[PDB]
Amino acid sequence: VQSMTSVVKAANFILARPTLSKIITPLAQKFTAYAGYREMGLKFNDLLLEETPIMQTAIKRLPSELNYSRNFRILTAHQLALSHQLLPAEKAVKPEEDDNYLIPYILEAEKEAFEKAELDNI
Amino acid sequence: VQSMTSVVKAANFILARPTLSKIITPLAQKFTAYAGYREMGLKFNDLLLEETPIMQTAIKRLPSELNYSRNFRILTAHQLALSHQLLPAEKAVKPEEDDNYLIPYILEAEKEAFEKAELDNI
Amino acid sequence: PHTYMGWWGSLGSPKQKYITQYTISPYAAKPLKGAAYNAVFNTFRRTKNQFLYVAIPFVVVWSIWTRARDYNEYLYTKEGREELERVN
Amino acid sequence: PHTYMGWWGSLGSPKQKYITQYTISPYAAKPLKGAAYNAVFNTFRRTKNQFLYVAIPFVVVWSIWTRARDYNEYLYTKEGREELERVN
Amino acid sequence: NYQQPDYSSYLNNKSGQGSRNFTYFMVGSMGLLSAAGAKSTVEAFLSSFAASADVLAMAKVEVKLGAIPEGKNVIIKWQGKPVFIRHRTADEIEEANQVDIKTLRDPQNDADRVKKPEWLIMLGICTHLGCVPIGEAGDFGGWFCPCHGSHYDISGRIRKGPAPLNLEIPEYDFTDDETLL
Amino acid sequence: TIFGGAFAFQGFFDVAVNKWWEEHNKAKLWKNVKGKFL
Amino acid sequence: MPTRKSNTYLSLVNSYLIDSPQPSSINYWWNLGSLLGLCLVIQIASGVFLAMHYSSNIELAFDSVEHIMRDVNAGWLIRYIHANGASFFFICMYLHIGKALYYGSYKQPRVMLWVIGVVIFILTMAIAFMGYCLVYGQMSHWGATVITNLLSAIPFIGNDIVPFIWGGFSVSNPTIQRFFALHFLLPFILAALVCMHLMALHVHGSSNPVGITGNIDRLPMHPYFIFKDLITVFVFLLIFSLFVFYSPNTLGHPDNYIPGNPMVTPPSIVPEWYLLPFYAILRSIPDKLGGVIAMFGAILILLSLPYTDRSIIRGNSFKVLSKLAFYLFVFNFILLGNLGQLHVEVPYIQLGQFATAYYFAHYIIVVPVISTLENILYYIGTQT
Amino acid sequence: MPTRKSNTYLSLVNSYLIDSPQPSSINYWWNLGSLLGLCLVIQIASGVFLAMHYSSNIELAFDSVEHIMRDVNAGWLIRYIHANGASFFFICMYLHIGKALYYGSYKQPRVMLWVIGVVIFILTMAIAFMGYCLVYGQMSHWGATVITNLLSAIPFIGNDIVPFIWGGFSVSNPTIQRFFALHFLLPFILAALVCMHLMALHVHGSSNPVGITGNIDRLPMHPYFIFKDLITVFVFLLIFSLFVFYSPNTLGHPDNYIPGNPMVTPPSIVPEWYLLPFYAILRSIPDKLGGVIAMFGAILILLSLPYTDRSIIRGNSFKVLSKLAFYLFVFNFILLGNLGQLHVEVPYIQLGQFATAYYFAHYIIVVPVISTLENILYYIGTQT
Ligand code: HEM
Ligand code: HEM
Ligand code: HEM
Ligand code: HEM
Ligand SMILES: Cc1cccc2c(-c3cc(C(F)(F)F)ccc3F)nn(Cc3nnn(C)n3)c12
Ligand SMILES: Cc1cccc2c(-c3cc(C(F)(F)F)ccc3F)nn(Cc3nnn(C)n3)c12
Ligand code: FES
């Protein structure tokens, strides 16, 4: 529901101030680690709700290699959920591998949608 | 339901003998005239039940000009039935135009189907 | 789904290129153009054409029914009593 | 019908060419390969991972409920009678 | 083409027929256990359609017998159907003495249709489209089926009409001035 | 065709359960107790 | 995409009532279907508003009905609406089936539809009879008795199945309660069969009077045929008002207002008018088992009609002999119904036997023979 | 084409049960849906087999129920099956809704589905209560009285609507007959809403625990998820047998076996267990109008849940704070239900007010705040 643009704006709002970054960033890292999605072979962007015209547009706009890697990650996560087993730390998605690859495309789609809404509303 | 081949066979079975042709042919002509389909712009073949794979195949193989004429005749009949009016004798389908144009194609399709059934049944 | 009727885009009808259709906006046409002439002349024409097929079977069935009813009435009247005993 | 799920031919999934799937006919595999190890080790793993999220809310709510129940019991006991009159 | 993962451990130790036979046995056993359970449930439910204990208790209820005029036809309500308890006089017994092996859909006699002429019991429900016959309109002198005009003989036998059988005789037993169903 | 196995299972379970229940509830049943109140 | 086509529910409503491509040439006889639906709806509505005040108990049934008539606000109106709407439902269904036979809507593409329809018809009467047994009038009680006795004719299970359906040794409180429950439900199972019938229709669409493909000229159900349905609905409701308000009891039987008692048999045990044609057959066949078999066959032979109709042309509008035979069949059916209500008199019993004979002979001889002869006549006429 | 796909009805059955492409990762929590359907079916079945022996009349209602228990063959079994199946239907529905909340099945693509589901829930309670009034036990009678009195709180129409629903000046024979009819019916309207819910599901398919697209790996519902449904069905029937046979009255209230009389008020007028959470709210709110408004809002706010859930990720399986909040909400709901059955004691009234406050605060604060905070935390964590 929340626009990816809004959450990115809030994250940059916080990150611009070390007073809050030094407090929240460790908490955010711990919360992402405890979220449990990495151990299933998923990156943050894979969890995003696809069933949204903006999101579907962004995925359709994704490069072939990234799209195939995402397909494999989703399939692996589904298999792990089905088998009720998790990857070990060796095979789990390392924190540095959460590259937020899909955020640029989603932000571009959101910018296009917002421009459309702004222009047609005048 | 009855195969067009069977009815054609029976009609030729009768027509081959003047003893029965001289009796039935006038009756058949009067029955077709009184059938009331001619006054609606329809030929006998237009009345045939299209919803049968053999009939659909026969129609599909129909020449372009005959197919278009049949489409116009069917549309005219639908319009007349809808408007509850009939063509006068001048515009009605004269007996000589009941050319049985569709019978050859239906018979070809029936022969193909019968050959298939006979061959695969051995 | 080889349904012999499809949706609007493809209703299963064959190619019909050379036919043209014409209609006037009802906002411009008479609703009662043929009502007066139709209700009498056209209705009488339909009735006359379809009459015989209703009449002949109706005449046959109603004649049989009248015969049966008259016979039963005769049976249950006094003059028929003896025959009612004979038939039963 | 831009449904986010289609039928088998086109489920709406993106192209996934470079992935390969592997399975054995069940008539050739064990049904109980992991049952013994799973039911203990895997079940305990799931329970341990999910415990805190159920325990913390449960302990909070049950502590509140226990406090309320004990207070009510004290109220309706003779020693609490006066307080029951004071609170009401 | 490429290396497959090793299934060595995953493989079953059974033969081709053994594993398939056991799987089909288990599936069939599940199917037939489900069939047995569904049969039990459906029979238990359908038993609700059957007469409840109340109805069974109410039936087989004795009738207050006793002295009554000879030839009079009493009425009862045993199991809903009217019971034509009639104390036909010796005249009815004498009339029934005339045997009939023909011209009767089911030739019978008071030997089996009644225990004693002093008390004659017969359900009033007719044979074809069961109805209550009239107690004096019978063409044969007994009861008459108004719906079709059928005539019931004084012995309950079907004389004329659409009768498919003879006037049923309930299973009521007799006793000392009592009816013992 | 299926009804055969279903009926066989029904009868098997019914007779087995009835026998076991009667033996386990022997003393508490009416049939065994009536003699004492005769 | 318009919202009427994207939304699933509005998509279905569109596919069935808005852009459903009906043939342009369908006359008013094709509006009976919707009419029947309306009838069902109104019946259900009336029925529900009767269930709120009706008592299923045998001793309270008839008295509760009279309570509805005399004390419940608009209770008379709802009671008469239900009673006369049963008859009107069957009038619409008989005209429905007559149209299907005349215009040959029972042929190959819609045979499945035909089958479903036949089932519905049977179910409907097995709901009407049930309802008629609820009031527990003299006719109600004795009809229940007659029917349940006829069910006893089955050799292997007929001896004990009758108590099973009764709930006792004769029609009593368990029987009326059972009929009340089954009668409230079976119409709702029939509401599912109606949907099934509609889908079996929608798969291949509806036929037309001309008996040819409608695909050449199709029109959306809305507005044209929606407004034709409105015309027929208002006509039906106007005639329904005539009967309900100004002459409600003519269709029913007076004896049904007598409280039912098993000890008194009415002079004539006869069903309502629209079961008469079938009951006539039940009266004509000597054997009870044979009688019930023939009674149900009189309906089920409709299932054989599509296969016995060897015609290569859909419908009868252009078929002289077929029209003559169909009209004679309709009048024979009316005669059979008329004989249904009469007593068993000599000429009436022989005429009923002959009427049943011809009713079945129609399907099993006339339609085949007439259809083949007409195909031959068509070809041998146009051959010149 | 296989016959299961050409035939329209087998085509539908295939689309819904055989080839329906369910996600491969759905766990047993997704089998509750079918379970609920089974429950409904069994309930309807039991209900019908009770209508054949239940008498709607007020004076005969409880006596007829006892007749079912003591005299009708297997009548006790059917009666207990119906009564305990209501409770089990609500257990399955509560787990159904709990799964929907936990795994975020209420989000955008299935919002339509959500709303139908919510309606069903309300309808179901407005069928359960009515059923409980049919027995006309002390609890039944006084619950009917309390609910109808609460209905009077509406300012403009509340003064006269209560006699309208009663059919009189108090709960009496018209009321019980009305409830019997509407209660026999409303489950059959609910069977239509169940079909609507299934279609609203089928349009977009079913979610999965991971909260991502299932299109990457789908499996046909048959055989895999059919057999999972059989496992859950046999487990449900085994527990249902435990309750029905070995402990049937534990879920119910003993006072309902006392013949109801308006002159005697039981010491505690309390609903069955599964209405307790809502009734608690009704007890907590002082104003009667406010009480009923909050009682219905406690259900309807589920309609606002999808819009208050600002999460960019479906479900909670990967959301620490959301999981914690959801479990706290579930335990608060259980506490509210538990307070529902207790008398009005000081700590209990204050705790019920606080519990209702937090129950609504969940939807209107926690889900928004928690979801936004968690989106921010995810992005600011993975940003490195
Ligand atoms: C296709 C649907 C139905 C048909 C054809 C039908 C037919 C009938 C008929 C013929 C009667 C006899 C009435 C009389 O002799 O005056 C009747 C009575 C009755 N039916 Fe229906 N019925 C249908 C559905 C229903 C429904 C849905 C209900 C309840 C919801 C219902 C409840 C009753 C009741 C209570 C009576 C007797 C009440 C009275 O007459 O006062 N029926 N029905
Ligand atoms: C009882 C409730 C019924 C409903 C709701 C219903 C509904 C419909 C509707 C709306 C149509 C299309 C319009 C029309 O034909 O008037 C139709 C067609 C048809 N119905 Fe029914 N109908 C009912 C009863 C029956 C029954 C009992 C039969 C049994 C044979 C039947 C046989 C047919 C046939 C053969 C058609 C195809 C007509 C054609 O294609 O021209 N109908 N139905
Ligand atoms: C009362 C009878 C019900 C039936 C027959 C039914 C049927 C189903 C079925 C079969 C499913 C898919 C499998 C499953 O979720 O178990 C489903 C999904 C769902 N149901 Fe129901 N359900 C019922 C009750 C409800 C109710 C009252 C709600 C109210 C919120 C509800 C909410 C949902 C949701 C949100 C989903 C989507 C789950 C997902 O996508 O993972 N269900 N329904
Ligand atoms: C979602 C569907 C239904 C639900 C949730 C439901 C719920 C209930 C409940 C909770 C009771 C109280 C029983 C007790 O206190 O022991 C009850 C009683 C009753 N219900 Fe249902 N019901 C449903 C459908 C039906 C149907 C379909 C029928 C009839 C066709 C029906 C007829 C009855 C009757 C007759 C009783 C009282 C009979 C007795 O207990 O002896 N209900 N219902
Ligand atoms: C009063 C009466 C007498 C004789 C027969 C009947 C029937 C009847 C019922 C069925 C069916 F098996 F379908 F139930 C079939 C044939 C029948 F003749 N019904 N009734 C009462 C009635 N008549 N019309 N209605 C609305 N109810 C009778
Ligand atoms: C006995 C009793 C007392 C107080 C309230 C109720 C309710 C009740 C009904 C509704 C609804 F409007 F939905 F009807 C809402 C809230 C409620 F508290 N119902 N009952 C009897 C009962 N409880 N559970 N069942 C299966 N029936 C009460
Ligand atoms: S009354 Fe119908 S045959 Fe005896």
# chains A, B, ... in the order shown; residues from 1 in each chain; ligands from 1
>>> residues_near_ligand(ligand="ligand 7", cutoff="10 Å", atoms="only C-alpha atoms and all ligand atoms", output="PDB file with N, CA, C and O atoms, in the first residue's frame")
ATOM      1  N   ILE E 125     -58.895 -49.849   4.865  1.00  0.00           N
ATOM      2  CA  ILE E 125     -58.175 -49.303   3.724  1.00  0.00           C
ATOM      3  C   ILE E 125     -58.382 -50.204   2.516  1.00  0.00           C
ATOM      4  O   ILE E 125     -58.235 -51.429   2.599  1.00  0.00           O
ATOM      5  N   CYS E 126     -58.725 -49.596   1.382  1.00  0.00           N
ATOM      6  CA  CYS E 126     -58.984 -50.342   0.162  1.00  0.00           C
ATOM      7  C   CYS E 126     -57.669 -50.778  -0.481  1.00  0.00           C
ATOM      8  O   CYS E 126     -56.574 -50.472   0.001  1.00  0.00           O
ATOM      9  N   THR E 127     -57.779 -51.503  -1.595  1.00  0.00           N
ATOM     10  CA  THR E 127     -56.612 -52.075  -2.257  1.00  0.00           C
ATOM     11  C   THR E 127     -55.968 -51.097  -3.234  1.00  0.00           C
ATOM     12  O   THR E 127     -54.795 -50.747  -3.081  1.00  0.00           O
ATOM     13  N   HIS E 128     -56.717 -50.648  -4.239  1.00  0.00           N
ATOM     14  CA  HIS E 128     -56.203 -49.720  -5.241  1.00  0.00           C
ATOM     15  C   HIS E 128     -56.468 -48.299  -4.759  1.00  0.00           C
ATOM     16  O   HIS E 128     -57.625 -47.891  -4.612  1.00  0.00           O
ATOM     17  N   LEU E 129     -55.397 -47.542  -4.516  1.00  0.00           N
ATOM     18  CA  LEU E 129     -55.503 -46.187  -3.981  1.00  0.00           C
ATOM     19  C   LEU E 129     -56.256 -46.205  -2.647  1.00  0.00           C
ATOM     20  O   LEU E 129     -57.370 -45.695  -2.512  1.00  0.00           O
ATOM     21  N   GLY E 130     -55.606 -46.830  -1.665  1.00  0.00           N
ATOM     22  CA  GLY E 130     -56.232 -47.140  -0.395  1.00  0.00           C
ATOM     23  C   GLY E 130     -57.140 -46.056   0.144  1.00  0.00           C
ATOM     24  O   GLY E 130     -56.697 -44.940   0.432  1.00  0.00           O
ATOM     25  N   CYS E 131     -58.421 -46.385   0.284  1.00  0.00           N
ATOM     26  CA  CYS E 131     -59.431 -45.477   0.800  1.00  0.00           C
ATOM     27  C   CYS E 131     -60.299 -46.228   1.798  1.00  0.00           C
ATOM     28  O   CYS E 131     -60.233 -47.454   1.912  1.00  0.00           O
ATOM     29  N   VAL E 132     -61.122 -45.482   2.530  1.00  0.00           N
ATOM     30  CA  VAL E 132     -62.020 -46.053   3.529  1.00  0.00           C
ATOM     31  C   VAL E 132     -63.309 -46.452   2.814  1.00  0.00           C
ATOM     32  O   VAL E 132     -64.046 -45.564   2.355  1.00  0.00           O
ATOM     33  N   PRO E 133     -63.614 -47.739   2.694  1.00  0.00           N
ATOM     34  CA  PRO E 133     -64.848 -48.137   2.011  1.00  0.00           C
ATOM     35  C   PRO E 133     -66.083 -47.813   2.837  1.00  0.00           C
ATOM     36  O   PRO E 133     -66.040 -47.740   4.068  1.00  0.00           O
ATOM     37  N   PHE E 144     -67.850 -51.050   0.380  1.00  0.00           N
ATOM     38  CA  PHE E 144     -67.740 -50.581  -0.996  1.00  0.00           C
ATOM     39  C   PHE E 144     -66.701 -49.474  -1.080  1.00  0.00           C
ATOM     40  O   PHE E 144     -66.729 -48.530  -0.284  1.00  0.00           O
ATOM     41  N   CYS E 145     -65.792 -49.585  -2.050  1.00  0.00           N
ATOM     42  CA  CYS E 145     -64.774 -48.565  -2.267  1.00  0.00           C
ATOM     43  C   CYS E 145     -65.375 -47.405  -3.047  1.00  0.00           C
ATOM     44  O   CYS E 145     -65.578 -47.511  -4.264  1.00  0.00           O
ATOM     45  N   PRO E 146     -65.673 -46.284  -2.388  1.00  0.00           N
ATOM     46  CA  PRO E 146     -66.321 -45.172  -3.101  1.00  0.00           C
ATOM     47  C   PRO E 146     -65.503 -44.627  -4.257  1.00  0.00           C
ATOM     48  O   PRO E 146     -66.082 -44.195  -5.261  1.00  0.00           O
ATOM     49  N   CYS E 147     -64.172 -44.634  -4.151  1.00  0.00           N
ATOM     50  CA  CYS E 147     -63.348 -44.007  -5.180  1.00  0.00           C
ATOM     51  C   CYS E 147     -63.555 -44.668  -6.537  1.00  0.00           C
ATOM     52  O   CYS E 147     -63.684 -43.980  -7.556  1.00  0.00           O
ATOM     53  N   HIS E 148     -63.592 -45.999  -6.570  1.00  0.00           N
ATOM     54  CA  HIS E 148     -63.770 -46.741  -7.810  1.00  0.00           C
ATOM     55  C   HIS E 148     -65.044 -47.570  -7.828  1.00  0.00           C
ATOM     56  O   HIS E 148     -65.282 -48.287  -8.807  1.00  0.00           O
ATOM     57  N   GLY E 149     -65.867 -47.497  -6.785  1.00  0.00           N
ATOM     58  CA  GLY E 149     -67.074 -48.294  -6.737  1.00  0.00           C
ATOM     59  C   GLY E 149     -66.847 -49.759  -6.455  1.00  0.00           C
ATOM     60  O   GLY E 149     -67.782 -50.554  -6.595  1.00  0.00           O
ATOM     61  N   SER E 150     -65.637 -50.143  -6.059  1.00  0.00           N
ATOM     62  CA  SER E 150     -65.340 -51.546  -5.816  1.00  0.00           C
ATOM     63  C   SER E 150     -66.206 -52.083  -4.684  1.00  0.00           C
ATOM     64  O   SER E 150     -66.529 -51.373  -3.727  1.00  0.00           O
ATOM     65  N   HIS E 151     -66.588 -53.350  -4.804  1.00  0.00           N
ATOM     66  CA  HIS E 151     -67.436 -54.018  -3.827  1.00  0.00           C
ATOM     67  C   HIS E 151     -66.605 -55.024  -3.044  1.00  0.00           C
ATOM     68  O   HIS E 151     -65.897 -55.845  -3.636  1.00  0.00           O
ATOM     69  N   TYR E 152     -66.690 -54.952  -1.719  1.00  0.00           N
ATOM     70  CA  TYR E 152     -65.988 -55.864  -0.827  1.00  0.00           C
ATOM     71  C   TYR E 152     -66.989 -56.842  -0.231  1.00  0.00           C
ATOM     72  O   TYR E 152     -68.022 -56.428   0.307  1.00  0.00           O
ATOM     73  N   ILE E 158     -62.374 -59.370  -2.534  1.00  0.00           N
ATOM     74  CA  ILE E 158     -62.682 -58.387  -3.568  1.00  0.00           C
ATOM     75  C   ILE E 158     -63.614 -59.046  -4.580  1.00  0.00           C
ATOM     76  O   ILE E 158     -63.239 -60.014  -5.245  1.00  0.00           O
ATOM     77  N   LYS E 160     -65.842 -57.059  -7.022  1.00  0.00           N
ATOM     78  CA  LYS E 160     -65.801 -56.313  -8.271  1.00  0.00           C
ATOM     79  C   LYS E 160     -65.124 -54.975  -8.026  1.00  0.00           C
ATOM     80  O   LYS E 160     -65.110 -54.458  -6.906  1.00  0.00           O
ATOM     81  N   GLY E 161     -64.564 -54.416  -9.096  1.00  0.00           N
ATOM     82  CA  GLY E 161     -63.883 -53.146  -9.030  1.00  0.00           C
ATOM     83  C   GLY E 161     -62.408 -53.266  -9.355  1.00  0.00           C
ATOM     84  O   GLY E 161     -61.937 -54.292  -9.857  1.00  0.00           O
ATOM     85  N   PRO E 162     -61.645 -52.208  -9.072  1.00  0.00           N
ATOM     86  CA  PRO E 162     -60.209 -52.228  -9.381  1.00  0.00           C
ATOM     87  C   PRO E 162     -59.377 -52.864  -8.279  1.00  0.00           C
ATOM     88  O   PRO E 162     -58.157 -52.679  -8.232  1.00  0.00           O
ATOM     89  N   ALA E 163     -60.024 -53.608  -7.391  1.00  0.00           N
ATOM     90  CA  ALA E 163     -59.335 -54.158  -6.233  1.00  0.00           C
ATOM     91  C   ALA E 163     -58.153 -55.015  -6.677  1.00  0.00           C
ATOM     92  O   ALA E 163     -58.327 -55.933  -7.488  1.00  0.00           O
ATOM     93  N   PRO E 164     -56.945 -54.752  -6.175  1.00  0.00           N
ATOM     94  CA  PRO E 164     -55.798 -55.594  -6.540  1.00  0.00           C
ATOM     95  C   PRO E 164     -55.689 -56.833  -5.668  1.00  0.00           C
ATOM     96  O   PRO E 164     -55.028 -57.808  -6.038  1.00  0.00           O
ATOM     97  N   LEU E 165     -56.329 -56.800  -4.505  1.00  0.00           N
ATOM     98  CA  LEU E 165     -56.328 -57.927  -3.581  1.00  0.00           C
ATOM     99  C   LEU E 165     -57.640 -57.893  -2.802  1.00  0.00           C
ATOM    100  O   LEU E 165     -58.597 -57.224  -3.205  1.00  0.00           O
ATOM    101  N   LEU E 167     -59.757 -57.298   0.990  1.00  0.00           N
ATOM    102  CA  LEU E 167     -59.709 -56.398   2.135  1.00  0.00           C
ATOM    103  C   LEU E 167     -58.784 -56.960   3.205  1.00  0.00           C
ATOM    104  O   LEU E 167     -59.037 -58.040   3.749  1.00  0.00           O
TER     105      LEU E 167
ATOM    106  N   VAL G 146     -52.421 -42.098  -1.149  1.00  0.00           N
ATOM    107  CA  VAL G 146     -52.433 -42.807  -2.425  1.00  0.00           C
ATOM    108  C   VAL G 146     -51.021 -42.924  -2.978  1.00  0.00           C
ATOM    109  O   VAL G 146     -50.589 -44.000  -3.407  1.00  0.00           O
ATOM    110  N   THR G 265     -63.203 -40.810   3.499  1.00  0.00           N
ATOM    111  CA  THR G 265     -62.609 -40.716   2.173  1.00  0.00           C
ATOM    112  C   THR G 265     -63.465 -39.825   1.286  1.00  0.00           C
ATOM    113  O   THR G 265     -64.680 -40.046   1.191  1.00  0.00           O
ATOM    114  N   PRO G 267     -65.307 -38.250  -2.041  1.00  0.00           N
ATOM    115  CA  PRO G 267     -65.858 -38.991  -3.184  1.00  0.00           C
ATOM    116  C   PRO G 267     -64.904 -39.096  -4.355  1.00  0.00           C
ATOM    117  O   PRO G 267     -65.039 -40.027  -5.159  1.00  0.00           O
ATOM    118  N   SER G 268     -63.947 -38.180  -4.484  1.00  0.00           N
ATOM    119  CA  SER G 268     -63.022 -38.180  -5.612  1.00  0.00           C
ATOM    120  C   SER G 268     -61.659 -37.713  -5.134  1.00  0.00           C
ATOM    121  O   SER G 268     -61.484 -36.534  -4.810  1.00  0.00           O
ATOM    122  N   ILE G 269     -60.698 -38.629  -5.099  1.00  0.00           N
ATOM    123  CA  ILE G 269     -59.319 -38.315  -4.748  1.00  0.00           C
ATOM    124  C   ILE G 269     -58.607 -37.959  -6.045  1.00  0.00           C
ATOM    125  O   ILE G 269     -58.290 -38.839  -6.851  1.00  0.00           O
ATOM    126  N   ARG G 283     -54.011 -43.861 -13.389  1.00  0.00           N
ATOM    127  CA  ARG G 283     -55.312 -44.512 -13.319  1.00  0.00           C
ATOM    128  C   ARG G 283     -55.476 -45.554 -14.419  1.00  0.00           C
ATOM    129  O   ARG G 283     -56.147 -46.570 -14.212  1.00  0.00           O
ATOM    130  N   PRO G 286     -53.275 -50.909 -15.167  1.00  0.00           N
ATOM    131  CA  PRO G 286     -53.776 -51.760 -14.079  1.00  0.00           C
ATOM    132  C   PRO G 286     -52.784 -51.937 -12.939  1.00  0.00           C
ATOM    133  O   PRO G 286     -53.093 -51.622 -11.786  1.00  0.00           O
ATOM    134  N   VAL G 344     -63.692 -43.154 -12.661  1.00  0.00           N
ATOM    135  CA  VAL G 344     -63.380 -44.293 -13.516  1.00  0.00           C
ATOM    136  C   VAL G 344     -64.666 -44.816 -14.141  1.00  0.00           C
ATOM    137  O   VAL G 344     -65.257 -45.791 -13.666  1.00  0.00           O
TER     138      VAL G 344
END
>>> residues_near_ligand(ligand="ligand 6", cutoff="8 Å", atoms="only C-alpha atoms and all ligand atoms", output="JSON, numbers by chain")
{"H": [86, 87, 122, 123, 124, 125, 126, 127, 128, 129, 130, 131, 132, 133, 139, 140, 141, 142, 143, 144, 146, 147, 269, 270, 271, 272, 273, 274, 275, 276, 278, 279, 280, 282, 295]}
>>> write_last_selection(atoms="C-alpha atoms", output="PDB file, in the first residue's frame")
ATOM      1  CA  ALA H  86     -21.985 -24.530  15.049  1.00  0.00           C
ATOM      2  CA  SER H  87     -19.143 -24.111  17.546  1.00  0.00           C
ATOM      3  CA  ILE H 122     -21.591 -11.373  10.215  1.00  0.00           C
ATOM      4  CA  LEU H 123     -24.269 -13.384   8.458  1.00  0.00           C
ATOM      5  CA  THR H 124     -23.039 -16.548  10.142  1.00  0.00           C
ATOM      6  CA  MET H 125     -23.382 -15.085  13.614  1.00  0.00           C
ATOM      7  CA  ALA H 126     -26.823 -13.779  12.631  1.00  0.00           C
ATOM      8  CA  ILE H 127     -27.595 -17.410  11.775  1.00  0.00           C
ATOM      9  CA  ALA H 128     -26.007 -18.919  14.865  1.00  0.00           C
ATOM     10  CA  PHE H 129     -27.834 -16.690  17.341  1.00  0.00           C
ATOM     11  CA  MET H 130     -31.134 -17.352  15.590  1.00  0.00           C
ATOM     12  CA  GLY H 131     -30.531 -21.088  15.790  1.00  0.00           C
ATOM     13  CA  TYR H 132     -29.776 -20.792  19.493  1.00  0.00           C
ATOM     14  CA  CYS H 133     -33.150 -19.092  19.934  1.00  0.00           C
ATOM     15  CA  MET H 139     -30.566 -18.872  27.799  1.00  0.00           C
ATOM     16  CA  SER H 140     -32.162 -18.934  24.344  1.00  0.00           C
ATOM     17  CA  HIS H 141     -35.206 -16.928  25.424  1.00  0.00           C
ATOM     18  CA  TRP H 142     -33.247 -14.364  27.414  1.00  0.00           C
ATOM     19  CA  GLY H 143     -30.634 -13.939  24.690  1.00  0.00           C
ATOM     20  CA  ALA H 144     -33.393 -13.264  22.188  1.00  0.00           C
ATOM     21  CA  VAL H 146     -31.598  -9.007  25.230  1.00  0.00           C
ATOM     22  CA  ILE H 147     -30.671  -8.753  21.550  1.00  0.00           C
ATOM     23  CA  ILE H 269     -27.391 -14.231  30.567  1.00  0.00           C
ATOM     24  CA  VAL H 270     -24.384 -15.099  28.407  1.00  0.00           C
ATOM     25  CA  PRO H 271     -23.951 -16.277  24.793  1.00  0.00           C
ATOM     26  CA  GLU H 272     -22.201 -19.413  23.673  1.00  0.00           C
ATOM     27  CA  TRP H 273     -18.434 -19.187  23.897  1.00  0.00           C
ATOM     28  CA  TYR H 274     -17.735 -17.963  20.362  1.00  0.00           C
ATOM     29  CA  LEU H 275     -20.002 -14.917  20.638  1.00  0.00           C
ATOM     30  CA  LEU H 276     -18.329 -13.930  23.919  1.00  0.00           C
ATOM     31  CA  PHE H 278     -18.322  -9.471  20.761  1.00  0.00           C
ATOM     32  CA  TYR H 279     -20.793  -9.580  23.645  1.00  0.00           C
ATOM     33  CA  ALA H 280     -17.983  -8.437  25.935  1.00  0.00           C
ATOM     34  CA  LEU H 282     -21.545  -4.883  24.151  1.00  0.00           C
ATOM     35  CA  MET H 295     -20.261  -4.657  18.647  1.00  0.00           C
TER      36      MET H 295
END
>>> atom_distance(atom1="CA of residue 24 in chain A", atom2="CA of residue 369 in chain H")
16.1 Å
>>> residues_near_ligand(ligand="ligand 3", cutoff="6 Å", atoms="only C-alpha atoms and all ligand atoms", output="ChimeraX atom specification")
/H:30-34,36-37,93,96-97,100,105-106,114,117-118,120-121,194,198,206-208
>>> residues_around(residues="range 42-56 of chain B", least_positions_apart="2", cutoff="7 Å", atoms="only C-alpha atoms", output="ChimeraX atom specification")
/B:37-38,40,58-60,70,73-74,77,93,98,100,102,106,109-110 /C:4 /G:109,211-213,312-314
